[PDB]
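Remember, it's 1-based here, ligands and their atoms both numbered in the order they're listed. Computation of the quantities below employed the complete heavy-atom set of this structure, encompassing side-chain atoms and omitting hydrogens, waters and symmetry-equivalent molecules. Letters A, B, ... mirror the listed sequences (proteins, then strands); counts begin at 1.
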Amino acid sequence: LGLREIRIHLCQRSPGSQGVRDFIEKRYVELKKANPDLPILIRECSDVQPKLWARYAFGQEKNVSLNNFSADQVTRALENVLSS
Amino acid sequence: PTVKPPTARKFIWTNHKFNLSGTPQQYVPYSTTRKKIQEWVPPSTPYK
Amino acid sequence: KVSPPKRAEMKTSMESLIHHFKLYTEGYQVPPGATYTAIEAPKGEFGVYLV
Amino acid sequence: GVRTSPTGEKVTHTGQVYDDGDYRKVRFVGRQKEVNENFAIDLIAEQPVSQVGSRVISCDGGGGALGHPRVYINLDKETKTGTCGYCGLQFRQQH
Amino acid sequence: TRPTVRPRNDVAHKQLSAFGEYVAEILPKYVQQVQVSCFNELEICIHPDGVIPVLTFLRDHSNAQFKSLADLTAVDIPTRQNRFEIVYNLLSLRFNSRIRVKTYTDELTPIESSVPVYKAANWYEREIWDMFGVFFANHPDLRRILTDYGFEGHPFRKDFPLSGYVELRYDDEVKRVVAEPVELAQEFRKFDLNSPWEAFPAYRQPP
Amino acid sequence: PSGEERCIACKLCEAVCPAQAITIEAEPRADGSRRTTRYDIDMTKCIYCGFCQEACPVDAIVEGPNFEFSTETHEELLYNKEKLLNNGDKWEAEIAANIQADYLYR
Amino acid sequence: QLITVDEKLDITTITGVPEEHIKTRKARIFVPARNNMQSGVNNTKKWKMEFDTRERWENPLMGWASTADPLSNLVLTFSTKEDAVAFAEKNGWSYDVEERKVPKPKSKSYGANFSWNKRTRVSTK
Amino acid sequence: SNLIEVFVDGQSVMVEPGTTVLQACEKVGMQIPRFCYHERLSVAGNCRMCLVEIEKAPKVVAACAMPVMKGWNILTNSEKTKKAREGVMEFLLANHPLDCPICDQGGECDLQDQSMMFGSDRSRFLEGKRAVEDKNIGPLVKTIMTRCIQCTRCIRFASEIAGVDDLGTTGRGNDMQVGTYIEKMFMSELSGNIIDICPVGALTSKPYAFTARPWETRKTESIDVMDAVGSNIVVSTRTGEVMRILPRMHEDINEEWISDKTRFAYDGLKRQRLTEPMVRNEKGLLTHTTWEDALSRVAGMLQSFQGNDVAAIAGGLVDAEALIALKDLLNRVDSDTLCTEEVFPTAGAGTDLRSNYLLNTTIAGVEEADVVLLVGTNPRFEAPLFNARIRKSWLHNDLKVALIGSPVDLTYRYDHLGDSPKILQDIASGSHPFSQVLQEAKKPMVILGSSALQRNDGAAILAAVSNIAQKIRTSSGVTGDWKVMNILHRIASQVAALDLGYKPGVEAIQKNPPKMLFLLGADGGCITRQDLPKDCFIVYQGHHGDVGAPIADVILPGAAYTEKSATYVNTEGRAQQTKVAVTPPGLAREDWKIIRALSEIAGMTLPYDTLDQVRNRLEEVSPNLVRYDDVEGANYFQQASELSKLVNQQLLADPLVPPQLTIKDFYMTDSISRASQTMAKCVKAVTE
Amino acid sequence: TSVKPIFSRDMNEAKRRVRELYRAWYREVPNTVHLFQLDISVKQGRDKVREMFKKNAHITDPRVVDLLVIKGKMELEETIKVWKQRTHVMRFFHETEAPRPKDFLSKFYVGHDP
Ligand code: SF4
Ligand code: SF4
Ligand code: SF4
Ligand code: SF4
Ligand code: FES
Ligand SMILES: [K+]
Ligand SMILES: [Zn+2]
């Protein structure tokens, strides 16, 4: 029932994605080190609401809104998925 | 045509034919073009 | 550019063959406009409103 | 010429013939398949090549304005004959 | 007088222009545009509210006397928000003259029936309703006239397909003629004919 | 006169046909010639207007003088290239003389 | 006297079209690309609306191309993209709009053909 | 600022200096007649059809070549201008052959159309015409040179675009002849484009010869899938059949050109086609069956396997709708072995960051680069239209091009640095002199071909090339927004596969061989039955019977790219969609619908039943996949370079040798081109 | 948003016209079956009338409702005066057309139409 894939969507320029842009710029490299075998797909697209997608076994997915999230809120949100 | 015979050609019918509708000689339409798409033929050998 | 050339001209002259080809495929273009035109037909006034 | 398939159905000058197992040949049962026997590809090949004394010859198909549009054919290549693109008559320049 | 060119009649162009602004002066409440073509046909473009006032004036006024309604039709131009242009062609026997009056409407806006002005307009409006779906208010008897009973759609609209949506045949099981979705043994072959080179510079639109 | 077909698959007759009664396909012949592989006239679509023979640049498609060819079935009036060529071979003696009489008005 | 109607314009019920050819269709709104075989640009002026292509099959009798799609030949012309989009919405068609592609302005210089030191020097005329 | 005012028929227009009279008329929407002028070729000024009167000037000027001057009034419709067009048109038609009925140009001919609009309606030429012999220049372009009007467009295109100086003019005067003088074939990867630019029927398509007339064709605007460039095309069909492929202008991709494979391989769509579902009978031979029977056999096996037992390989021509549908189906049996044949090193960031596997400078950006470093690639054959863009910059901007790899012919001169992969480390460390060029460059562009990542040391080569690009960016002198690192892809389906999360390469399948394998149009031969358990159940979905179909247990016929509306992402990351030009043949079906139908029978119904809904699914996985025609930027090269240094790999001592070395290798690179009889003629011509 | 009305000034007025039309159709069905000598029952005829009114239940534009009622009145007049023939009346029942199943799989097996 475990985690299978994480996808992060964000805009390159909208202020709503600033925390996510910070998280990738600062904490993504260390996140990938901890989970070298975990696909963490970062996909930028203009004028999208930032979202965190997690895919668990047998194709179950849940998304979490990161709109106007701080880099700290992003870290907590990812920590829940990697843990819970 | 006795006085002014028509110009002879080797491809002109030597034997005139009347209306053949309703008979076994009647014209039947069909498409004059060859098949357009060629289908893959599977191999005749077992290998799988 | 409106009426097709004679067949003998169509078979000798380059311009005539081009115009014959274009008149019988695309046809002549007509400047934009609209007209109601009528004649005294045998049954009365026969007209077309042509756009 | 007009060949027959192994089924006996005449092959047309366009190469058409129903293959075995094609139900559509039922339309000929009790009737016939209209096939023109005069194959133009065979007939034109029978024409002799015309020898001319000039590098360029014109063809209108014959009959003046009853033929095809008049075209001019270059005869500079000796590796082949010039062929009229309308009627298929062949021309050659002699020596 | 070049033999292959249509001659110009400048006297008619002047006469029709003068009468064109004569109508604009008298009915300014409705007239929106007046024009005369290069073959001397005068067109009056009006607001649809003025169909009865303008047509009544042209029929009855002593300097107009357009007693005969030669034709009443519609044109569908989908790119306009008012896609339907309604065209009245009128004839004046007293002055041996013709005039075209044009107005507009859309799918949901009614036009006043002009039967009170011209009794000829009765069937012309039924045809416009039938072929274009334009509703005419206060028509004595508005119903289809050309299409089949129960026919659905308005065929002369540009977006109605050429071969429609249904076709008929006799069905032996139900012992009657039935309607079914249209299938064509040979689809109509659409030809793209327009040359990619401009033909008439005089009509070029600004970029 | 050689027996070669006049039609070179230009499709002018097909383009002008007011009824869309003509259907044509073409390809290079085995000798390279530009010739049709399909040439159908739906005689139940045709309006016998003669535009096709006006449009033809080589006098390939004509309307002949025969008017006595009514049939017992609809399918018998869907002419393909074989039927139309047989018509030409059948009627060429009359057709050539009719064209001789009128081609100076064309 | 005028009434206030604040709903969107939707004439789908009074146009007489069958349902399968409203909701299942996909309209394409575009400016036709120039035919590359010719330089003229006069067929790239107006917007066009066309529908998705559906099956054509061979007629068993003659081999003709049969269709059961009543919209197969339907093409509409519009002055602007906005006019085409408004027409599609009121008729209930889902649509795809594509931006007009305009040729980029180019710098043409006949004299560059004979450059003293650049690669634009041509070797033939 | 420097705009000068001119007048066109009395209407003022403001133009930059250097604008021609022809270009000034365009600004008010007037198209001057032309034959020799092409806006993408050098100015010639020889046809004289563009002559136009300048007000108060006694002499008409060549509009295509004359720069405008301040205050000029161009009389595009004056009697002086009109009488000039009639005179020139009359000279153009004097010797022109009466060929329109037998000429393929008829109906889409500029000579016909401009004679109608600008010429006179009759002839006064009472002499005999010129006749010219024809010339063989290969199996793709037929030459009927008596129709040539000596406009020299073909000559200029061959020299300037294709980089081939084989065409020219011989003789002089009225006897001037366009050709090659000697017997020679014009077999460039861009050769077919001279059919388009030739204004007359002098140059025409041999495969297309005599088959159609322009007015009767229907035009489907679509996308080419023969490569990863994503060239825009028009598919010409008639009566349910594809007739030809034409280019479609896209300034930022292919301009108005296509490659020969794009142009002429469509005839491979009429051969070796899968048209009926097939299963194995009791003798082990493939036999036709119904969709019901065929999907039940697959559904039964899908229900009996889980996890690593089930894998799938996507081939080169697969669309994104099928890719996500197949991923969702396998994920519902808890399988994640979704692989592509085309490898990409998964080390470090792998496919986490889009910038790691994209042409980040974009195709048009090559025009603004001052140095290009090509590594382990043959862009001429891998991406012909991208290589044409490089030659455009080489010609017009004096671009400097260097290449690490085999010394292939790129149709323009370049600095060949060698072929050893170790040269990259030298450039990075400053030992190599070319390192000075990169530091001095204000807009460098390092392009690493996907062909070079198919080696076993691909991750090492990507790390080395990425290291070079990092040093350039770090050392400053490059504007902040300028991207340096690029990957040139050659597979149409690759970028959409990596966007959706597929694993690049079949390395995953090799480690854990599955019991059930889906070959989604996979015809590279990467996985055979030697690599699988003896009883492996293989399902092939595709449009051609090529390499994968004959070894399958079940064959599900799918639609080719001309037969579906499907999403393809090109090497820039730009998503585009094809349109249905004709429906699939026989019992073939749209590819994502086969997977959607299978999911229902297997009891794992996917939650999308229409094309729009499956495209909503694409938006949930990678939102850029539904931004059609938009190049979505990708960043975080710094993070990608950081993760790439963690695990060091050894480069191989094998020199970088691209798969395609000469033209003969270019024509048959996928299932459709391999089935094309025209592509087979081209291979024969260039090897005999 | 200020437009010329056809008949009804608002949906409340429009719904009144709809109800009056429904009564007229409901009353007429027994006459149609008897006069045209149809082999359907009055219940089938009235169910069909209900089916035709139901398909337009989602309209919220008074002008569109007014046009639907105008056409409904025209259709009723054609029936009452026997301008329609039996074939026209029975076209509402599509008796000769085979069912087209609406499930994804059923469409998938038969062709490419969505
Ligand atoms: S005569 Fe018949 S086939 Fe010829 S153009 Fe007229 S309608 Fe078409
Ligand atoms: S019959 Fe005449 S007009 Fe028709 S395709 Fe043949 S040559 Fe052209
Ligand atoms: S190039 Fe044009 S004008 Fe010349 S023969 Fe061909 S179609 Fe006619
Ligand atoms: S072959 Fe065509 S493109 Fe080349 S010079 Fe002649 S007309 Fe121009
Ligand atoms: S277009 Fe200017 S001379 Fe040819
Ligand atoms: K050409
Ligand atoms: Zn000849």
Side-chain angles (χ1 to χ4, degrees), chain C residues 7 10-11 17 20-21 24-25, chain D residues 40 61 67-69 85-87, chain E residues 189, chain F residues 4-26 33-64 77-79 81 84-85 87-88, chain G residues 35-39, chain H residues 35 38 99-113 141-145 147-149 151 153-154 157 178 192-206 208-210 212-214 216 244 246-247:
Chain C
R7 291 186 70 80
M10 179 261 297
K11 290 182 197 197
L17 181 63
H20 169 98
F21 188 112
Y24 279 105
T25 53
Chain D
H68 59 70
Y86 278 102
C87 72
Chain E
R189 279 165 282 161
Chain F
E4 169 73 87
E5 303 167 25
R6 283 165 172 275
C7 176
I8 40 60
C10 81
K11 297 176 152 272
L12 260 56
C13 58
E14 189 188 39
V16 76
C17 183
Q20 294 219 336
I22 309 183
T23 313
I24 301 178
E25 308 188 346
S33 204
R34 178 187 171 116
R35 306 287 162 183
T36 61
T37 62
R38 173 191 299 277
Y39 192 106
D40 303 327
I41 300 182
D42 182 338
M43 301 295 261
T44 67
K45 276 191 199 87
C46 167
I47 57 154
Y48 303 81
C49 76
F51 285 11
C52 43
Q53 90 191 328
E54 305 167 14
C56 188
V58 292
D59 302 23
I61 187 68
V62 300
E63 270 196 271
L77 291 168
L78 270 47
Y79 287 10
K81 191 179 171 186
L84 281 160
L85 275 171
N87 278 7
Chain G
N35 178 18
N36 226 55
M37 306 293 285
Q38 287 191 270
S39 292
Chain H
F35 283 108
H38 198 277
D99 272 15
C100 304
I102 56 171
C103 178
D104 271 343
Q105 203 76 22
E108 65 197 344
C109 176
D110 274 339
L111 189 56
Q112 287 193 320
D113 282 0
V141 178
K142 166 158 51 148
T143 66
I144 306 290
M145 292 316 280
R147 298 166 190 167
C148 173
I149 56 166
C151 84
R153 273 190 193 179
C154 53
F157 176 93
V178 167
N193 294 290
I194 70 179
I195 294 150
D196 293 351
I197 53 146
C198 178
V200 288
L203 305 176
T204 54
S205 163
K206 268 176 177 188
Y208 186 66
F210 312 154
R213 280 289 189 198
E216 85 192 339
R244 64 170 173 187
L246 292 168

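Of the heavy atoms in F/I61, none comes closer than 4.0 Å to ligand 1. Only the side chain of F/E63 comes within 4.0 Å of ligand 1, counting heavy atoms alone; its backbone N, CA, C and O stay farther away.
Under the 3.5 Å distance criterion, the side-chain polar atoms of D/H68 are left unmatched by any main-chain donor or acceptor of F/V58. For F/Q53 (side chain) and F/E63 (main-chain N/O), a donor-acceptor pair under 3.5 Å exists by modelled atom type. At least one donor-acceptor pair under 3.5 Å links the side chain of H/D110 to the backbone N or O of G/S39.
The tally of protein N/O/S atoms under 2.8 Å from atom 6 (Fe) of ligand 1 stands at 1.
Close contacts between ligand 2 and F/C7 involve ligand atoms 1 (S), 5 (S), 6 (Fe), 7 (S) [criterion: under 4.0 Å to a heavy atom]. Listed by number with element, the atoms of ligand 2 under 4.0 Å from a non-hydrogen atom of F/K11 are 5 (S), 8 (Fe). Near F/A60, meaning under 4.0 Å from any of its heavy atoms, are these atoms of ligand 2: 1 (S), 2 (Fe). With ligand atoms numbered from 1 in the order given, ligand 2 contributes 1 (S), 3 (S), 4 (Fe), 5 (S) to contacts under 4.0 Å with heavy atoms of F/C13. For ligand 1, the atoms sitting less than 4.0 Å from at least one non-hydrogen atom of F/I22 are 3 (S), numbered in the order shown with element in parentheses. Counting the atoms of ligand 2 from 1 in the order shown, those under 4.0 Å from a heavy atom of F/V58 are 7 (S).
Ranking protein heavy atoms by distance to atom 2 (Fe) of ligand 2, first place goes to F/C56 SG, 2.3 Å.
F/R34 has a carboxylate O that lies under 4.0 Å from a charged side-chain N of H/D104, or vice versa, which qualifies the two as a salt bridge. Using a cut-off of 4.0 Å between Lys/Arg side-chain N and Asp/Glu carboxylate O, F/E25 and F/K11 are scored as not salt-bridged. A salt bridge links H/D99 and H/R147; the closest N-O separation between the charged side-chain nitrogens and carboxylate oxygens is under 4.0 Å. For the pair H/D196 and H/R153, the salt-bridge criterion is not met [side-chain N within less than 4.0 Å of a carboxylate O].
Side-chain contact between H/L111 and H/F35 is present, with at least one heavy-atom pair separated by less than 4.5 Å. Side chains of F/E14 and H/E216 form a contact here, defined as non-hydrogen atoms less than 4.5 Å apart.
Heavy-atom distances between F/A9 and ligand 2 reach below 4.0 Å in at least one pair.
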Q: Could you check F/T23 against E/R189 for side-chain contact (heavy atoms from CB on, under 4.5 Å), going step by step and ending with a plain yes or no?
A: CA-CA 10 Å; F/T23 313; E/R189 279 165 282 161; 3.4 Å; yes
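Among the backbone and side-chain atoms of F/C10, none of the N, O or S atoms lies under 2.8 Å from atom 4 (Fe) of ligand 2.
Judged purely by distance below 3.5 Å, without hydrogens or angles, the side chains of F/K81 and F/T36 pair a donor atom with an acceptor atom.
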